[PDB]
C-alpha cells in the first residue's frame, strides 16, 4: 500500500550542471511485480535552465542516473538529494532514513546488467515530454534500466531534443511508465 516519493515542492533537490540547479518530481508506486512511475523536471538555475542554441548549439541532450545498492537504497553520488526522498506518510516523509527497498528495482532477470554473455536487451522505455506545455516544443525522455556499473540497480534518464530552441526554460510536462519489480 506504501509509496516512495520526492516531496513535490518547488524547492530544488537535484544537481546536473551545478549544485541544486533543478527540482526532480518523481513518484514511484508499487503493486506486486509492477511499479507505476510519474516523472516531472524543472531546471531552476545553470546551463540547462535556459535553452538558447543560436549561441549554444552543442547542448541537445543530457542524462540523470538513480543508482541503488544490493539493499536497493539510493547512493549519494546519484544526481538526486537524499534529504527529499523517502516513503510517504501524508505530505511529510517521516523524517528518518528508510531501507528495505528490496524489489522496488528493475528486475535483473528482465533487465540484466551488460554481462559478458552477449545478449542485446529490450530494457529501454522511450516516451515524450513538452517544454512549457507548448506542443511545438517536444523532447525525448529515454529511460534505461541496469546499465550503470559500481551499483547493483540503476534508473537512468537520457533526454534528447533536436530542435533550435531559443530561450525555452527547461520545465517539462509529466510522463507515466511502469517497470518490472525485482521482488
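Positions refer to the first chain, counted from 1.
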Taking the recorded C-alpha temperature factors, which stretch has the higher mean, 117-125 or 58-66? 117-125
Could you settle it for me: does 150-158 or 30-38 have the higher average Cα B factor in the PDB entry? 150-158
How does residue 71 rank on Cα B-factor within its chain, lowest, middle or highest third? middle
Going by the CA temperature factor in the PDB record, which third of the chain does residue 6 belong to: lowest, middle or highest? middle
Entry-reported Cα temperature factor of residue 103, expressed as the chain third it lands in: middle
What third of its chain's C-alpha B-factors does residue 79 belong to: lowest, middle or highest? lowest
